[PDB]
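A short write-up of the structure that comes next.
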């Protein structure tokens, strides 16, 4: 209870990411859609994208409306858009970095 969940959404050319509270409140929304609840689920109403290059640790940026239309903005708004994405974007395994590998077929038992 102290970390938010992040949901990625591979767009047509760029990648749009969205913020979320936790996997629980999320799975729930899907188990029962409710625009009146989408709030408790998403805390920030804005789409952010990687940095001007490769690297998510950089400074996420904002997507211009023209960029949102590349997916579903022809005439939609900002709520519905975040809705289709929340549907099932692309979860992330983990944000490793200085850690290492391990956990596969024993390290000294059976290989």
Q. Where does each of 81, 26 land when they are ranked from fewest to most other beta-carbon atoms within 10 angstrom?
A. 26, 81
Q. With the chain treated as a Gaussian network of Cα nodes joined by springs under 10 Å, which of 11, 53, 73 yields the largest mean-square fluctuation?
A. 53
Q: Can you tell me the relative contact order of the chain? Whole percent, Cα pairs under 8 Å, sequence separation 6 or more.
A: 26
Q | Scattering curve values for the chain, log₁₀ I(q)/I(0), Debye with Cα scatterers, q = 0.14, 0.24 Å⁻¹ | A | -0.65, -1.46
Q: Enter the Cα centre distance for the pair segment 6-41 and segment 49-111, rounded to the nearest angstrom.
A: 12
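Cβ atoms come from the backbone with ideal geometry, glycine included; neighbour counts cover every protein chain shown. Every read-out reported here was derived from the displayed coordinates using simple, explicitly stated rules and does not represent laboratory data.
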